[PDB]
Every structure is written in C-alpha cells, then in structure tokens.
Amino acid sequence: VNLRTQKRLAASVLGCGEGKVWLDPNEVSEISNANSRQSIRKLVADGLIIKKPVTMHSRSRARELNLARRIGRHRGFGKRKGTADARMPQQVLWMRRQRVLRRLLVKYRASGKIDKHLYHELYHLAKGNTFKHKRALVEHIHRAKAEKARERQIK
Amino acid sequence: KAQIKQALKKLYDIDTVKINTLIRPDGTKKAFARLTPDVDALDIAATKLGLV
Amino acid sequence: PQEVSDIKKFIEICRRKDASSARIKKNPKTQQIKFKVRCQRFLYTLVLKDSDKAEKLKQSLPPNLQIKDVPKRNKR
Amino acid sequence: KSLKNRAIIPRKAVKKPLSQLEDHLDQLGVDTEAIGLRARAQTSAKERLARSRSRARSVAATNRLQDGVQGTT
Amino acid sequence: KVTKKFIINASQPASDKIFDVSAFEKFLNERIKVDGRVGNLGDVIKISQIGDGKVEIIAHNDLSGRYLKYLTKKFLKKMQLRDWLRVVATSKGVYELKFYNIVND
Amino acid sequence: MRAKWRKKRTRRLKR
Amino acid sequence: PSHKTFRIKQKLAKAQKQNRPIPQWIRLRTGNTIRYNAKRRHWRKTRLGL
RNA sequence: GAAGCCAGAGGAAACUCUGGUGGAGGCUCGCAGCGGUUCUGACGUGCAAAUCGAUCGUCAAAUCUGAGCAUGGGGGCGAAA
RNA sequence: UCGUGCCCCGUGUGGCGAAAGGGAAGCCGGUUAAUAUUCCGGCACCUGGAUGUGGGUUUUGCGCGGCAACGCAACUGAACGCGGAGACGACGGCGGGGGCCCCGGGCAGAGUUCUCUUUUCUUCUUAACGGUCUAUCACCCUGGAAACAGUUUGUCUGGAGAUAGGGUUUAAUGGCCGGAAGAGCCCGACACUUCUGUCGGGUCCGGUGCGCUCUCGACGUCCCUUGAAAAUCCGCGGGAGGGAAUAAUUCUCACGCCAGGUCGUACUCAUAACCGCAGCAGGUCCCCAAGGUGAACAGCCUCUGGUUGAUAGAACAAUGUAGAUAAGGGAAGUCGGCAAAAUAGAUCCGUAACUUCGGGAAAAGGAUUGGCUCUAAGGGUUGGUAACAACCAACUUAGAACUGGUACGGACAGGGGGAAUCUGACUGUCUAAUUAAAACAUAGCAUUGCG
Numbered sequence: 002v003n004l005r006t007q008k009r010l011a012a013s014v015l016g017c018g019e020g021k022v023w024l025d026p027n028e029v030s031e032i033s034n035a036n037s038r039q040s041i042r043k044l045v046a047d048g049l050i051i052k053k054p055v056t057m058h059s060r061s062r063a064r065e066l067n068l069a070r071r072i073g074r075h076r077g078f079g080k081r082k083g084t085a086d087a088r089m090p091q092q093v094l095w096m097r098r099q100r101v102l103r104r105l106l107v108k109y110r111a112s113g114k115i116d117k118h119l120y121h122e123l124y125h126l127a128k129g130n131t132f133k134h135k136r137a138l139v140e141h142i143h144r145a146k147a148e149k150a151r152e153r154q155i156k
Numbered sequence: 105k106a107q108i109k110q111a112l113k114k115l116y117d118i119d120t121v122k123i124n125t126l127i128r129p130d131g132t133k134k135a136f137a138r139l140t141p142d143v144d145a146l147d148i149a150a151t152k153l154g155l156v
Numbered sequence: 002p003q004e005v006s007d008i009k010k011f012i013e014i015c016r017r018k019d020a021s022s023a024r025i026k027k028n029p030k031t032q033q034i035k036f037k038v039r040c041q042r043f044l045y046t047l048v049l050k051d052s053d054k055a056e057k058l059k060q061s062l063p064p065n066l067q068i069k070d071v072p073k074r075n076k077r
Numbered sequence: 510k511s512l513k514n515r516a517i518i519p520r521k522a523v524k525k526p527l528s529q530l531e532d533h534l535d536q537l538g539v540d541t542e543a544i545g546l547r548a549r550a551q552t582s583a584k585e586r587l588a589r590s591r592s593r594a595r596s597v598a599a600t601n602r603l604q605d606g607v608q609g610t611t
Numbered sequence: 016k017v018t019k020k021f022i023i024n025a026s027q028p029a030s031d032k033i034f035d036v037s038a039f040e041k042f043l044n045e046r047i048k049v050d051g052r053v054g055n056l057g058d059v060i061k062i063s064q065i066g067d068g069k070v071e072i073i074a075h076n077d078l079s080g081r082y083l084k085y086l087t088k089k090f091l092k093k094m095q096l097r098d099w100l101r102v103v104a105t106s107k108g109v110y111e112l113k114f115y116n117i118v119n120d
Numbered sequence: 001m002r003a004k005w006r007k008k009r010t011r012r013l014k015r
Numbered sequence: 002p003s004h005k006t007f008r009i010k011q012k013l014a015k016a017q018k019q020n021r022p023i024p025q026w027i028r029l030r031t032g033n034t035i036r037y038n039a040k041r042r043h044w045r046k047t048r049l050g051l
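Residue numbers (the authors' numbering), protein chains in the order written: chain LR, 2 to 156; chain LX, 105 to 156; chain Lk, 2 to 77; chain CH, 510 to 552, 582 to 611; chain LU, 16 to 120; chain Lr, 1 to 15; chain Ll, 2 to 51.
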C-alpha cells in the first residue's frame, strides 16, 4: 500500500504542502483505490482527507515587548548594540526639525502673525541652527514681536 | 494546420473551428482538431473513425 | 467591457445586429440591477436602481435578442 | 497537546467513538439508554467509450516485448 | 442606545440533562466582565432564561458573540464537555450546543 | 503615416 | 534544454525509439546469434554526443 | 567626515574663531561574494589526480561574473611567475 | 483587355551574427496521473486585408474653440527634406505609488482553559483591458520686486520677469466605475452504495512607519572615463495631385467582416538528472526572500514550504581526531609565546611621540551596562494671546527612585595593546597544484625617434 501519489494529489487539490495532508489510516484501501483528482475531491468531501491547520506561531511576547519599550523598559546602556547614529540618525532628526520649523514659519506667515522680512530672517536663522525646537522658535517669535512693539511704542 | 483541415474536410467531411499541433517525443505529429458545435464528435467517431 | 449610462444607447446597442445575448444580474445587497449585452467586440452593461423601470426596459428589448437572468451559482 | 511541532486536529473533523462517548457520559452519570444515543449515532456509444477509457487506463494496448510469440509454452 | 440579542440554545443537552442551564447562567453571571473587571453586569448586560434550554443575553455595550462563544467553551471545559459538545453559530446571534458526529462501533 | 497604410487607402479607392 | 532545435529534437526522437530491448521472437529464430541489444543506451551511462 | 552652503562672535576689509549643514575619498570595521596568510591542523591506496575545519586578505573599486566574438604553437597572451 | 511600351528617381550597390541587447499584441478562474499566459469558460488586444453603416467635412471647398500654454470623435496631403522616439554611465540622500511586514475593531471557524487570558491563530481577495477625476517638473496670462523675496535635508531661482493670483499640460503600479461576484475563499445544514452533489450566510471598516523590496520623479557628485548601433514607428516643413451638391468625400472617428503560417514547450538545474571515469563533502549563471533579538539579508530560535537521505546494534581499553576544565607559580617551555588564554558591543572622561597637517586614533589609560515603577523633552490635522481648544500618533533621548546579584554586550556576537629597527610610498597583481614577497604594476620624473 503506497500512498505517495495520493498524498501529492491531495496536496495539489487542497492547495497546501504535503506535510499538511492527513490521510485516514483506517481507509488506506479506499485511498489506494482513489486514483484520480476527482476521487481525491470525493474523499475530501467525505472527510477521509483533511488539511491540517498551521503550526502555531504567536506574536504575543513581541507585543508585550513592544508595549514595554513604548513605556520605556529595556532601553538602558546594556541593551544597546549599535551607535547612537545607527539607532537614530541625527541627519534624520535634523531633517524632521527643519521641516517642522519651516512648516511653522509658513503657517505663521500665512496667518499674518509675522511678515515677509521677519519670515526670511527666521528662515535663515533656523537654517543656521538657532532654534532647537518649535517651542524655542515660538518663544523667539514672541520675544521679537514684544521688542518690536516696545520699539514702536518708544517711537 | 491549413493542410490538416483540408485533409479532414476532404476525407471525413469534417469542419474544424481550430487546430492545435504538437510534435511528439517519438518524432510524429499530433493534431487536436476542435469541431464545430453543429456536429457531434461522438457520432463522427462512432460512424467514420470507428473509435466506438 | 464598457458601461453605458444612457437607456436609449442601451436600446440601440440591443437593436444592433451583433448582439447575441442579454443577461440580467440582480444585486440585492447593493440594491441594483445590471443589464449586460454581449456584442462582437465589447460587453456593454447598464446599471440601474431596483425599480419597475428594469422590467419596462426588459419589455423594451427586442424579442429576437434572447435574455437570461443569471443564476445564483455559476455552475459549469 | 503537542503545539510546539504541530497543530491539534479540530474535533469536528474526527468521528467520535461510540463506546468512548458512552463511557464518558457514564462517568458523568447520565442515563444513556434512557436518552437514546443508539438512534442518534451513525453508521450506447457513450458507454462503449467509457469502457474503452477504463480498459485503456487499466491494460496497456500492446506489449512489444511479447507480442511476437502467442503460445504459452 | 444600541441593543443586541444573543441566544444560547442548549435544548438537546438540556433535555438530555447533560448541560446544566442554571449553572451556565451562573457561570455567565460571574464570568462576564464589563470595562475590564468582573461583576459589572448592572443594567447593561442582562442574562435570563426562557426555557427549552435557552439563555438570552441583552447587551447595550459591544459584547461580542465571539466572547460569548469563548465563555461557553470555557464552561464546557470546566464541566468536561469540550471534547463532546460543540458551539455552532447556526443563525445570526444564535449559538447552538450540539453533539459531535458519532460512528457506530 | 506609413506608405503601406497609404497604399491600402489608395487601393481601396482604386477598387 | 527546453529551448531546443528541431534537428536536435529529431535526433533525440530517433534515440528514444532506438532505446528498447530486442523482441522476444528474435531469440527463437533458427540460427539466431542475438541474445541482447548490444547498442542499448541510458541517459546516465553514455552520452549521445550531439 | 573633503568641497559647497547657513547662522553667530570678532576683525576697517581680507580674513579669524565657534556651532551647524553636507556627504567626497582607487578611506576604514565588517556580512554575502572573491581570494588563499597561518596551523608540528584533518585527510595521505582521501569525499577530492589539490578536498575539509578554524583563522586570515579584500569588500563601492585596478571589485566579482555570464553569453557572443578575437588572438592558434618555430604562434598567442602575459600588472612579468 | 494585358504578358509587349512609355517615363521618373538615381551617390552607395549583399548576407550571417544576441532564447540576457532593440522589439506589435493576453489576463483571470477552472481543469490532467503527467501540459498549460498554449486546453476549457469569460473578458480583451495587436497586425495584415477588404468593405459597408452611423457620424464628420464641403455650394466661404479640405473643422471648430481658447489671449495663450492648448483642447475636442473625425478634420486631404505625393516627391523631396527636418525632427523626435528607439537610445542608454556609476554613486548619494529626498519625495510619491504598488506589494510585503506591524497595530486596532467586527463576522465565522479552530486551539488553550489547574488558574489566568472580552484570549492566541486562521479567511476577509479583486487581473488584463477601458471610462472618468486627479497626480512632481515644465509652460502660458496679469503684474513689476531692495526694507530683496521665494525656497530644499542638501543653495539655487528671479527685470532674459520672481512672490502672488488664475490656468494648460508629460507622467498611475492613485480614488470611483465597468470587468465583477456570477469568480476565488471561509463557515453552516441536508442528500450521498456509487452516480453524484444540493441549499443558505459572509467576504467589512480603520491606522502606522529613518521598516524590506520594486518602480517613478526632482535634485546633487565624479571623470585627462562623458558612459552602443540598427530595424521599426510618429510628427512637422512643402504643396503635387484629388476634391461637392443627378450630392461628393484620399475622414489617422465609432461600430461592423475575414485571417494570423513554421519550430520549442515534459522533467532536473544539483550532497543523485550538468562536468569531474561514479548516485564524488569539489565546481557551475540568475529571480522571490516572513517573525523575534539586534545597527544589521551577522550568529541563535520560529512560521510557510521541504526533509528526517546519507550501513546498523552493543561496549566505553590504549593511542588518536574534535571540544573543554584545572590548585600554586606565570614563558622557568621552545630555535622561536607555535598553540591556547586574554581584549572585544554601546555611552561617557580622556588620548603621546611623529607628521606630507590630511592623519596617527577605536592611540594609550579609565567610569558604567540587569529588572521594575515613574518623570521630562523631541510632533501632526482642523477650527477666528490661536501664546487657545478638540482629535490623533510612533520611535528615540535624558533624568530619578526602588530592587536581585557569584554574573547584567549574562547565550550569540565581538580590537589584545605598546616601544623600536629593516623594508616597499600607498589601493592593486602574479608562479591553478610546495614560495604573496623588499617581486610586478602604479602615479610622478627623465630620455629617445617621427611633420
């Protein structure tokens, strides 16, 4: 009783690997008499041939590890294998900061809080690395507006 | 294929919609001639081709 | 495949000589009905909302153009 | 359970043994003969061409090794 | 507010007195958890019995039929009927308990 | 366009 | 290869038709000296040399 | 971390300094690939008429590589043994 | 009638040569024991040839509109010319799109269930071909800008016309629609000696990104290196001819008719289908490339998919091969520290002589690294001191307390370092099968011959 052909045909019919095909060991004679794909489909319908479910692979532990690192665990100096630039590129950080600062300057110019000359000056300062972040840029804008208002009041 | 369809028409009064051809591994040629829907391949094989 | 958005254009396509078959697809989950006519080059379809205009158009097709409602399962 | 190397076959794909079901329900204490599992438990040219196809698949048409001699001796 | 009806029909094992409907209702009462910790049935979740081995659950929150099937399988595992009883969604929001297929021997 | 297609058109006219 | 010339395929066709043992009625002829096919070829024994 | 570029502090200017940006180099560590330094290495009628293990050189190029073609022995080809 | 004659152009006049170059056109589902982008079903496309209908143009003969970029279903075009496509390097970052990976909810199914786990896992798909609305660059109109402005991660653009406002367009693997749910997939209930199936339900809605892969686009760098050709196709210049109302039409518009020949197509592509004398641990050109740890297609473990094949059983002597440990001393061993051990990731402090000023340099020498609970910082969208509200989002960085300890880059992974001398400038190359080197080559230098 050889069922290599039957296992290959059942794998082709069920659309799975040959390691996922289950042949009923109590009807090996009936499976042997099944010699075509139609007979294989009839045995699948009758339940003599079953596709086994997939071997278990869970991502649970990866999910609690992701949540723990999101909270801030497993981030110490003994958990790092790459350089600081390798984990987080400072060029990428500078690109994100420049895009944030330019977006804020464009929004302020569109809203009308600053004019074109102050916009150009702050654009070149942000390019020349005067501002670390958006809060610093907003504080400098407010301080420049306040000193301009003081100069206008003096004049 | 053009010669094959003429040969079939002259021999068995067979009209074919299309003909596929292959060359077998032993060196001969095998031809699959698909008939018109108005004729029956079972009837033709039973009467003329003798293939029962 | 082509979609026609005009009833009279679908009627003229049905009166065209090349039209060999017409069929009706009823979608109840969407509430629509599709009239599909098979010409030589293109399959022309008209989409309608479910109404009595579908049966009026069914009457409006020529009787020589044979029409079928599609089954639930496309058995061979 | 052997979930490390393989998945468990679903229970709906395996027929349950009658005596094993009766035994488990008998440990559970229900009156099996009273509740009745016995009834619930389960146990022409076309013809000529079909015969020709069956014969063609079963027996080879010719035997070039042994078609030259006919007597059994 | 939205209202959801779930039916758990154990008519055949209840008539066979294999599955205890009152014990299953109790199991639902101290196993259904609302807002992350148990004992929040309140007015949101209502479990009652009609008869003929049927339990109805009224849900005003997003209580799922998958969760009710999960709790039914947990109760079957507790009462050692997991290998012999099966929960099948025969209809929309209706889960039937039934025997697995049996062969004579 | 191409000479073959133009020849086809003028042959259609000639026929 | 799968890509093959018609001449090559014709010669492999002749090789396939030549790959056979002798008929058994050859051995019972009177004065027969042939006992086996002495030019039999196998795909893993000797090459066709094409 | 080279040119180029931005900002700030000076300097009459030229330029000086600082912080950035940038991403060059027959640059470098190193995986594949390519090669073949060392071992009282394995093997020595071997798996092998040159193989196997660890280790080592190189790795953005004078890098590796296929197919088609060219050069044919008193010849070719040779970063030259 | 034509097979006979008359002209016109004449500079030029062959073939072979790539299953990885250029190139006309096919996708999906199903089917066999073995073939399938080839068979079957559905739905298309290309080329060549004829030939009608509808529509278009025309008595202002060979269209109309928009200032323009240009648009529209058509919208004459011979000789002779012009142009484009074919048709093109390597590398670097950035942006868009498809696919893959990750997260959440919902339906159905499966598993776990001592306890816990509203739980973990699986299906949730949409091809070619078309319609329609959009998509960087670029171009057009108004206007004339220094108190220079716009703007990229990267400094370019602008009186040779910027910002701004309004548009036109190359480009889809983008949204919707047709194809097309009737398919495929998942689940359930009956029938079922076979023959064989039959009937229901669903196939949904979101998010995220220095992620992987492919492709497209705008940039930038390098060259004493500038990174194929031809077949084929198209537009233009030109105006030769042909052209209307017994209607005409030489319309690149839509629909309609016919045909598409020959040859290959199985299988392996390798620890058994090739070569090596073999079913030989060797050699042999490519495409796809999941999850976790981690900087990482490193090493280790797992999913899909494949194997469990390489003579077996018993015992544990010497000597071996491979892997290890060893008190005290620490090279006393040996020709010779051969071999092994020792160092190693990341953060921080710090780093000498010499030097062609570029390096040396990871010089050297030191301080730290687990787990848990927290804090702080770094953002996006929408909405008239908005310096405010609402909603949403993921990864880094710093600081603090507590706590286990023999050890915290807990396995894996992974520089020993320094003082000198000779030597070749360096990167590179060679004696396939005993020598990789002060050998060869190299840049630089010099000389010679030749108008």
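Yeah, the Cβ is synthetic: ideal placement off N, Cα and C, and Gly gets one too.
With H, G and I counted as helix, E and B as strand and the rest as coil, what does DSSP make of residue i?
i                         : result
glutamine 608 of chain CH : coil
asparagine 44 of chain LU : helix
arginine 9 of chain Lr    : helix
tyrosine 37 of chain Ll   : coil
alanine 516 of chain CH   : coil
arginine 81 of chain LR   : coil
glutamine 95 of chain LU  : coil
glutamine 551 of chain CH : strand
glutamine 11 of chain Ll  : helix
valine 36 of chain LU     : helix
At what residues does the alpha helix (DSSP H) containing residue i begin and finish?
i                         : result
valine 93 of chain LR     : 91-112
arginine 144 of chain LR  : 135-155
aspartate 117 of chain LX : Counting along the chain, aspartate 117 of chain LX falls outside any alpha helix (DSSP H), and DSSP gives it neither H nor E.
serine 590 of chain CH    : 583-596
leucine 66 of chain LR    : 61-72
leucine 44 of chain LR    : 38-47
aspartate 86 of chain LR  : 85-88
Specify, as a first and last residue, the run of the beta strand (DSSP E) that residue i falls within.
i                         : result
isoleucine 60 of chain LU : 60-64
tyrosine 110 of chain LU  : 109-114
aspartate 70 of chain Lk  : 68-70
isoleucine 51 of chain LR : 50-52
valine 22 of chain LR     : 22-24
Tell me, which residues are paired with residue i by DSSP?
i                        : result
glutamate 4 of chain Lk  : Lk/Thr46
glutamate 71 of chain LU : LU/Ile22, LU/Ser63
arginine 24 of chain Lk  : Lk/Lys37, Lk/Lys69
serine 106 of chain LU   : LU/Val109
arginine 74 of chain Lk  : In DSSP, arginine 74 of chain Lk forms no bridge with anything.
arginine 101 of chain LU : LU/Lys113
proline 526 of chain CH  : LU/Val118
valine 53 of chain LU    : LU/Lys48
Self-check item: Residues of the region 511-526 of chain CH whose Cβ lies closer than 9 Å to any Cβ of chain LR, in chain order
Solution: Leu512, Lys513, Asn514, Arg515, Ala516, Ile517, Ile518, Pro519, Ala522, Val523, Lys524
If the cut-off is 8 Å on Cβ atoms, which residues from the region 70-83 of chain LU count as contacting chain CH, listed in chain order?
none
Members of the region 11-23 of chain Ll near chain LX, C-beta cut-off 9 Å:
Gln11, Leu13, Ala14, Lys15, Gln17, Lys18
Can you pull out the residues from the region 33-47 of chain LR whose beta carbon lies closer than 7 Å to at least one beta carbon of chain CH?
none
- [ ] Check distances from the C-beta atoms of the region 46-70 of chain LR to those of chain CH and list, in chain order, the residues that come in under 9 Å.
- [x] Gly48, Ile51, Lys53, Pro54, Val55, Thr56, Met57
Margin query: Just to confirm the assignment: which complete beta strand (DSSP E) runs, minimum length 3, are found wholly within the region 117-154 of chain LX?
Written below: 120-127, 133-139
So if I threshold CB-CB distances at 8 Å, which residues from the region 29-47 of chain Ll count as touching chain CH? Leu29
Using a Cβ cut-off of 8 Å, which residues of the region 32-62 of chain LU contact any Cβ in chain CH, in chain order? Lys32, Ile33
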